[PDB]
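S.K.: Let me give you the structure first, and then I'll get to my questions.
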2 protein chains.
Amino acid sequence: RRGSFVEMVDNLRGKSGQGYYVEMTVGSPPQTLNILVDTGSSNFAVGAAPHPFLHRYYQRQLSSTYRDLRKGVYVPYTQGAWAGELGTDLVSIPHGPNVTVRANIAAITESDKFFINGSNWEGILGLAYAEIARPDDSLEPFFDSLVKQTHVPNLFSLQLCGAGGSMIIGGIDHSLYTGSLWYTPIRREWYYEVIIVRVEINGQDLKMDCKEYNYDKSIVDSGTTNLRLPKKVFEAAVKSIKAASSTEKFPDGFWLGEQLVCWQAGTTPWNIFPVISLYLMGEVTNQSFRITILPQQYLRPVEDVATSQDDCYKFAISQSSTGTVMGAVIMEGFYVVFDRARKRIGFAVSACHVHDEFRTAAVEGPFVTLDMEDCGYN
Amino acid sequence: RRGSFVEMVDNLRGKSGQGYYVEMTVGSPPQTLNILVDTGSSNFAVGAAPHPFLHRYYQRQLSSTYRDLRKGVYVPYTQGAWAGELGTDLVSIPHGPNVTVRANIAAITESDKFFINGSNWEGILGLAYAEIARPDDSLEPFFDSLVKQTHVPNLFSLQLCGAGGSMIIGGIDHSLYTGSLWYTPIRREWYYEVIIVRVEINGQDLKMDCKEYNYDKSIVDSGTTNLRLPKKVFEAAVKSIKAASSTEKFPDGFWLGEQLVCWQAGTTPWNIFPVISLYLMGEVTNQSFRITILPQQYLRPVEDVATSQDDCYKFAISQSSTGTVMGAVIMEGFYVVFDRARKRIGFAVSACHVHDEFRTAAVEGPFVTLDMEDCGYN
Ligand SMILES: CCCC[C@H](N)[C@H](Cc1ccsc1)NC(=O)c1cc(NC[C@H]2C[C@@H]2C)nc(N(C)S(C)(=O)=O)c1
Ligand SMILES: CCCC[C@H](N)[C@H](Cc1ccsc1)NC(=O)c1cc(NC[C@H]2C[C@@H]2C)nc(N(C)S(C)(=O)=O)c1
């Protein structure tokens, strides 16, 4: 019992619906806040004024090391947006690397549908690249500052445990996964973009041109709840899923995420729902691998109706007009390694993923897939 | 409710008999250890090999940032000694300042009567000056490294709570004391040396030449349990204390610290013991102030004989042949500010000191004391 990165294990709290967060200490004297881990954006920002949904916030006048950049910043997401003021300050991650850096920080002064009631986080850590940072790519993202200012290796890994988790910074911890790690190339450094080459529902190929799977783009986003799919792919996926779970019928609104379906405590018939496999481009020509998720991943729990014996679920696969988004529900079945140094993302079966005695999430390979380059949108 | 240094409040654990300690994280990846706060020495050192009394230790091969200085180091104390190897590594204090520095660190490989069974600490943080560091004054002490490498103000304060406490680094927290802070000059920067100019037992002057009080030297040491006094002063003090507590008699060994005396749970007659006042040189010519401690300070508790209703106490004033040592039992009644920047030490009544409904520890002034300069040993 030891593990070199042991102190970083279990440093995350939260859920797929409201977000996973890590503690970060900013300023001097110390001001610790809960920050959302978001690989789908690139700005580090913290609530800096009272808000109905915030238990605490960043108080710049109390930080002797805060430096005002005299520049406003506005960041819109798929869900919500906020306005703030830019500056820099000292930042450390108590349960992360043993270093302290001066990073850019956006003080959130106003917001619309950004903070989530009961989520317990007051800020957001955009872990993606400079290309998508606001106001522009000149605002160095936090991780870039970390790598340039310290000896911390240019890599971090995430293990999101559904119904906390771990964010290993600078390395990987072997106790967080089983089996082998399979890597897919980071196609371009802006979002953590990847390429999906095949999709199966219970082993059955969806039979869509792979270009549709990445139409526009496909990204790995810890800061988005669902597995979002382009319109045409969503429709085909839902039709196949319905056909594979015909043992029981559900309203159309369920598949659209507008209706919830509940079962008596501990009675959900996981067996009636199919597994979904996403094949990703590998690191060798014409070679791919696949990650398989269970209904325990794409059917997410929602607070009991009346604190009784009722497990309510929302279909966590939804439509998108901006490409595929492999969100938290997808990541919850695996240990995901964001190997920025080698421009690749690794996947391995998570040591904490939710499963049963009949099926488990899986990462298998290799498979033979030709013309994978053509799958990408230009 | 806020307090700028609020995150540092309550960052200490421990007791006067075994020591007060703070968490410190060393190396990369993070290795957190419990470290003894010692203002009576100047070396930062941590157990680096298994030991019967250690729950954990520093593993250098696991730290990528460790740098070997290829130099041995030996440090003897009044109580115990250890041998080790010098090097440097990254060091942060989780509940201290929001910075990380590269400091000298001694890896303890062998020791004799140093570590204390059940103390829960695995290292020691020497907070005194370079002059008394080992091997010599060229080995920069931790706090000096902190001040030179960061913007942290050159000052720290201690509130030791007897039967944890707080170590505020870079400032003072007003919630830790009541009344005013009175300062005494740091005579010379090696140990935290001060000058005692008068001593009273229940308001009665001990009537000894003040040179005897600082014969050799007088220091403030958070890493020593008792109030240690030069032989002649100890003898006079004990004689006066005995006379002032004549309502009940105790064996000679008690006053020598060789015998313990116990009372039924919650029955100790604190009222029969006198208060002790130490007058310290002030910051203005011919002006002094005094700190007064209660028997609750100089009579320290010792683990119940058989986990029952018996409060056992050991007389915490003892003899010394190396000058006066104002140890933890003395500090426990006050908030002590080690103002290195202004070469002075402040004292204020602690918001946590142990007292009763009849008496309280006190810090009062000013008083008129002539020829205080002559009190110091040359
Ligand atoms: C331009 C793209 C921005 C992508 C960033 N990842 C941004 C970060 C953010 C903003 C507000 S909370 C988190 N995320 C979202 O916009 C975002 C957050 C969440 N659900 C809340 C997420 C915390 C839990 C993981 N859900 C969605 N969906 C559309 S969903 C229901 O999953 O189909 C989108
Ligand atoms: C050359 C002077 C060195 C002074 C350093 N402060 C050094 C640090 C240290 C070493 C081993 S444990 C702590 N302290 C001691 O030598 C030391 C530690 C403790 N008791 C244990 C102390 C932790 C509790 C406060 N007691 C004493 N006394 C003689 S006593 C019973 O109070 O009369 C001395």
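To be explicit about the labels: the chains of the structure tokens are called A, B, and onward in the order shown, and within each one the residues are counted from 1, while ligands get numbers from 1 in the order they are shown.
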Near residue B:255, within 12 Å and counting only C-alpha atoms, which residues show up once chain neighbours fewer than 3 positions away are dropped, as a list in words?

M.R.: residues 234, 235, 236, 237, 238, 239, 240, 241, 242, 249, 250, 251, 252, 258, 259, 260, 261, 298, 299, 313, 314, 315, 316, 317, 318 and 319 of chain B

S.K.: Would you save the residues from that selection as a compact mmCIF listing (two decimals), in the first residue's frame, using C-alpha atoms?

M.R.:
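Saved result, out.txt, follows:
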# COMPACT_ATOMS: atom_id res chain seq x y z
CA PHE B 234 14.60 27.42 39.80
CA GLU B 235 15.48 26.92 43.47
CA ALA B 236 14.20 30.37 44.46
CA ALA B 237 11.06 29.98 42.35
CA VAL B 238 10.19 26.60 43.86
CA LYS B 239 10.74 27.88 47.39
CA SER B 240 8.39 30.82 46.77
CA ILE B 241 5.77 28.65 45.01
CA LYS B 242 5.79 26.15 47.90
CA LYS B 249 1.86 19.81 51.03
CA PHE B 250 3.53 17.86 48.24
CA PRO B 251 6.65 15.65 48.18
CA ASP B 252 10.00 17.17 47.18
CA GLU B 258 10.09 13.05 39.53
CA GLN B 259 6.68 12.51 41.15
CA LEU B 260 3.15 13.04 39.88
CA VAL B 261 0.18 14.08 42.02
CA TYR B 298 2.63 25.07 34.82
CA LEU B 299 0.87 21.93 36.05
CA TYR B 313 -0.24 16.27 36.90
CA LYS B 314 3.48 16.87 36.53
CA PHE B 315 5.12 20.10 37.71
CA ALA B 316 6.12 21.74 34.42
CA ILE B 317 8.82 24.10 35.71
CA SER B 318 12.29 22.54 35.72
CA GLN B 319 16.00 23.30 35.95

S.K.: Could you report the residues within 8 Å of ligand 1, using only C-alpha atoms and all ligand atoms, as a PyMOL selection string?

M.R.: chain A and resi 15-20+36+38-41+76-81+113-116+124+221-228+316-320+327-328

S.K.: Return as an mmCIF file with N, CA, C and O atoms, in the first residue's frame the residues belonging to chain A that are within 10 Å of chain B, counting only C-alpha atoms.

M.R.:
data_model
loop_
_atom_site.group_PDB
_atom_site.id
_atom_site.type_symbol
_atom_site.label_atom_id
_atom_site.label_comp_id
_atom_site.auth_asym_id
_atom_site.auth_seq_id
_atom_site.Cartn_x
_atom_site.Cartn_y
_atom_site.Cartn_z
ATOM 1 N N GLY A 3 1.494 3.743 -3.591
ATOM 2 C CA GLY A 3 1.097 4.522 -4.754
ATOM 3 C C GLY A 3 1.681 5.922 -4.721
ATOM 4 O O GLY A 3 1.351 6.705 -3.845
ATOM 5 N N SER A 4 2.543 6.243 -5.684
ATOM 6 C CA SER A 4 3.173 7.561 -5.725
ATOM 7 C C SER A 4 2.174 8.719 -5.761
ATOM 8 O O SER A 4 2.352 9.702 -5.055
ATOM 9 N N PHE A 5 1.127 8.600 -6.575
ATOM 10 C CA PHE A 5 0.112 9.657 -6.674
ATOM 11 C C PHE A 5 -1.059 9.459 -5.709
ATOM 12 O O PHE A 5 -2.111 10.057 -5.881
ATOM 13 N N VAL A 6 -0.868 8.625 -4.692
ATOM 14 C CA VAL A 6 -1.918 8.332 -3.718
ATOM 15 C C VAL A 6 -2.651 9.534 -3.114
ATOM 16 O O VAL A 6 -3.851 9.460 -2.861
ATOM 17 N N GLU A 7 -1.951 10.644 -2.887
ATOM 18 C CA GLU A 7 -2.598 11.810 -2.292
ATOM 19 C C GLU A 7 -3.613 12.498 -3.200
ATOM 20 O O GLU A 7 -4.417 13.301 -2.738
ATOM 21 N N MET A 8 -3.568 12.187 -4.489
ATOM 22 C CA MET A 8 -4.501 12.774 -5.441
ATOM 23 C C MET A 8 -5.723 11.891 -5.661
ATOM 24 O O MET A 8 -6.691 12.314 -6.256
ATOM 25 N N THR A 25 -7.033 26.340 -4.303
ATOM 26 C CA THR A 25 -6.807 27.457 -3.402
ATOM 27 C C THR A 25 -6.221 28.611 -4.187
ATOM 28 O O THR A 25 -5.208 28.467 -4.859
ATOM 29 N N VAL A 26 -6.875 29.760 -4.094
ATOM 30 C CA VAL A 26 -6.429 30.930 -4.825
ATOM 31 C C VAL A 26 -6.112 32.095 -3.898
ATOM 32 O O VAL A 26 -6.699 32.224 -2.838
ATOM 33 N N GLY A 27 -5.170 32.931 -4.323
ATOM 34 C CA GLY A 27 -4.800 34.112 -3.565
ATOM 35 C C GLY A 27 -4.010 33.937 -2.284
ATOM 36 O O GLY A 27 -3.662 32.830 -1.886
ATOM 37 N N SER A 28 -3.731 35.068 -1.639
ATOM 38 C CA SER A 28 -2.977 35.090 -0.392
ATOM 39 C C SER A 28 -3.526 36.199 0.495
ATOM 40 O O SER A 28 -3.577 37.340 0.093
ATOM 41 N N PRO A 29 -3.971 35.857 1.715
ATOM 42 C CA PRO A 29 -3.987 34.506 2.287
ATOM 43 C C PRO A 29 -4.893 33.558 1.493
ATOM 44 O O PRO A 29 -5.675 33.992 0.654
ATOM 45 N N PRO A 30 -4.793 32.249 1.758
ATOM 46 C CA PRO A 30 -5.570 31.198 1.087
ATOM 47 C C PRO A 30 -7.091 31.338 1.034
ATOM 48 O O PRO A 30 -7.731 31.593 2.040
ATOM 49 N N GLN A 31 -7.645 31.143 -0.163
ATOM 50 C CA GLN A 31 -9.087 31.167 -0.403
ATOM 51 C C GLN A 31 -9.392 29.912 -1.219
ATOM 52 O O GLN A 31 -9.182 29.879 -2.423
ATOM 53 N N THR A 32 -9.884 28.879 -0.546
ATOM 54 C CA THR A 32 -10.187 27.621 -1.200
ATOM 55 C C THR A 32 -11.623 27.574 -1.709
ATOM 56 O O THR A 32 -12.565 27.933 -1.002
ATOM 57 N N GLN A 59 -12.843 36.672 -3.101
ATOM 58 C CA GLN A 59 -12.819 38.061 -2.651
ATOM 59 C C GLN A 59 -11.452 38.647 -2.962
ATOM 60 O O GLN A 59 -10.521 38.557 -2.162
ATOM 61 N N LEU A 62 -9.163 40.869 -0.674
ATOM 62 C CA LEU A 62 -8.494 40.187 0.428
ATOM 63 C C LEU A 62 -7.215 39.465 0.001
ATOM 64 O O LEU A 62 -6.462 38.986 0.847
ATOM 65 N N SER A 63 -6.970 39.386 -1.305
ATOM 66 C CA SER A 63 -5.771 38.720 -1.810
ATOM 67 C C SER A 63 -4.693 39.735 -2.178
ATOM 68 O O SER A 63 -4.834 40.491 -3.138
ATOM 69 N N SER A 64 -3.607 39.738 -1.413
ATOM 70 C CA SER A 64 -2.503 40.669 -1.646
ATOM 71 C C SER A 64 -1.758 40.405 -2.949
ATOM 72 O O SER A 64 -1.093 41.301 -3.487
ATOM 73 N N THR A 65 -1.857 39.177 -3.446
ATOM 74 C CA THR A 65 -1.172 38.783 -4.670
ATOM 75 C C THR A 65 -2.001 38.906 -5.951
ATOM 76 O O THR A 65 -1.511 38.628 -7.037
ATOM 77 N N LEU A 90 -2.091 33.669 -7.375
ATOM 78 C CA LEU A 90 -1.449 32.402 -7.071
ATOM 79 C C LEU A 90 -2.529 31.343 -6.949
ATOM 80 O O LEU A 90 -3.597 31.592 -6.392
ATOM 81 N N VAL A 91 -2.237 30.160 -7.469
ATOM 82 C CA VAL A 91 -3.191 29.064 -7.454
ATOM 83 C C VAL A 91 -2.505 27.740 -7.151
ATOM 84 O O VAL A 91 -1.483 27.411 -7.734
ATOM 85 N N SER A 92 -3.083 26.994 -6.217
ATOM 86 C CA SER A 92 -2.573 25.689 -5.834
ATOM 87 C C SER A 92 -3.755 24.735 -5.773
ATOM 88 O O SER A 92 -4.899 25.158 -5.641
ATOM 89 N N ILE A 93 -3.467 23.447 -5.891
ATOM 90 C CA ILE A 93 -4.492 22.421 -5.808
ATOM 91 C C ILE A 93 -4.031 21.562 -4.629
ATOM 92 O O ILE A 93 -3.123 20.753 -4.761
ATOM 93 N N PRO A 94 -4.645 21.759 -3.450
ATOM 94 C CA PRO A 94 -4.329 21.041 -2.208
ATOM 95 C C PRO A 94 -4.114 19.544 -2.378
ATOM 96 O O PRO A 94 -3.169 18.979 -1.841
ATOM 97 N N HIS A 95 -5.015 18.908 -3.118
ATOM 98 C CA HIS A 95 -4.944 17.471 -3.349
ATOM 99 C C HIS A 95 -4.508 17.147 -4.765
ATOM 100 O O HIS A 95 -4.884 16.124 -5.327
ATOM 101 N N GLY A 96 -3.708 18.050 -5.323
ATOM 102 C CA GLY A 96 -3.174 17.884 -6.658
ATOM 103 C C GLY A 96 -1.661 17.960 -6.561
ATOM 104 O O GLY A 96 -1.094 17.543 -5.556
ATOM 105 N N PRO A 97 -0.981 18.504 -7.580
ATOM 106 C CA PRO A 97 0.481 18.612 -7.567
ATOM 107 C C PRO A 97 0.988 19.528 -6.453
ATOM 108 O O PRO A 97 0.299 20.464 -6.039
ATOM 109 N N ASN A 98 2.200 19.251 -5.978
ATOM 110 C CA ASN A 98 2.801 20.035 -4.908
ATOM 111 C C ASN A 98 3.564 21.214 -5.501
ATOM 112 O O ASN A 98 4.791 21.275 -5.436
ATOM 113 N N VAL A 99 2.812 22.136 -6.099
ATOM 114 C CA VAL A 99 3.363 23.334 -6.721
ATOM 115 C C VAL A 99 2.349 24.467 -6.588
ATOM 116 O O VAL A 99 1.206 24.249 -6.219
ATOM 117 N N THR A 100 2.789 25.680 -6.890
ATOM 118 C CA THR A 100 1.925 26.845 -6.849
ATOM 119 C C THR A 100 2.297 27.663 -8.081
ATOM 120 O O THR A 100 3.468 27.874 -8.349
ATOM 121 N N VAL A 101 1.299 28.105 -8.836
ATOM 122 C CA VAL A 101 1.576 28.889 -10.031
ATOM 123 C C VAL A 101 0.776 30.180 -10.067
ATOM 124 O O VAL A 101 -0.182 30.348 -9.325
ATOM 125 N N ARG A 102 1.202 31.109 -10.915
ATOM 126 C CA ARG A 102 0.461 32.343 -11.081
ATOM 127 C C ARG A 102 -0.309 32.086 -12.367
ATOM 128 O O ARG A 102 0.280 31.923 -13.429
ATOM 129 N N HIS A 151 7.641 21.619 -13.115
ATOM 130 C CA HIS A 151 8.158 20.397 -13.715
ATOM 131 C C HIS A 151 7.076 19.333 -13.912
ATOM 132 O O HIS A 151 7.353 18.250 -14.401
ATOM 133 N N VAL A 152 5.839 19.655 -13.536
ATOM 134 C CA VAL A 152 4.726 18.719 -13.675
ATOM 135 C C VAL A 152 4.548 18.246 -15.121
ATOM 136 O O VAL A 152 4.396 19.047 -16.026
ATOM 137 N N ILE A 168 -5.776 12.736 -11.420
ATOM 138 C CA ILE A 168 -4.348 12.575 -11.195
ATOM 139 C C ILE A 168 -3.663 13.567 -12.128
ATOM 140 O O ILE A 168 -3.838 13.515 -13.345
ATOM 141 N N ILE A 169 -2.896 14.482 -11.548
ATOM 142 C CA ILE A 169 -2.219 15.511 -12.323
ATOM 143 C C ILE A 169 -0.725 15.239 -12.414
ATOM 144 O O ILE A 169 -0.033 15.154 -11.401
ATOM 145 N N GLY A 170 -0.247 15.089 -13.645
ATOM 146 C CA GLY A 170 1.158 14.817 -13.877
ATOM 147 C C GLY A 170 1.461 13.341 -14.051
ATOM 148 O O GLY A 170 2.604 12.963 -14.224
ATOM 149 N N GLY A 171 0.429 12.504 -14.008
ATOM 150 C CA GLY A 171 0.648 11.081 -14.155
ATOM 151 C C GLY A 171 -0.614 10.245 -14.154
ATOM 152 O O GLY A 171 -1.728 10.741 -14.352
#

S.K.: Compile the contact shell of residue A:42 as a ChimeraX atom specification: residues with an atom at most 12 Å away, counting only C-alpha atoms, same-chain residues fewer than 6 positions apart removed.

M.R.: /A:36,75-77,104-106,124-145,189-192,221,223

S.K.: Stretch 71-279 of chain B: which residues are strand (DSSP E) by DSSP, as number ranges by chain?

M.R.: B: 71-76, 81-92, 101-112, 123-126, 156-160, 165-169, 177-185, 196-201, 204-205, 218-220, 227-230, 261-264, 276-279
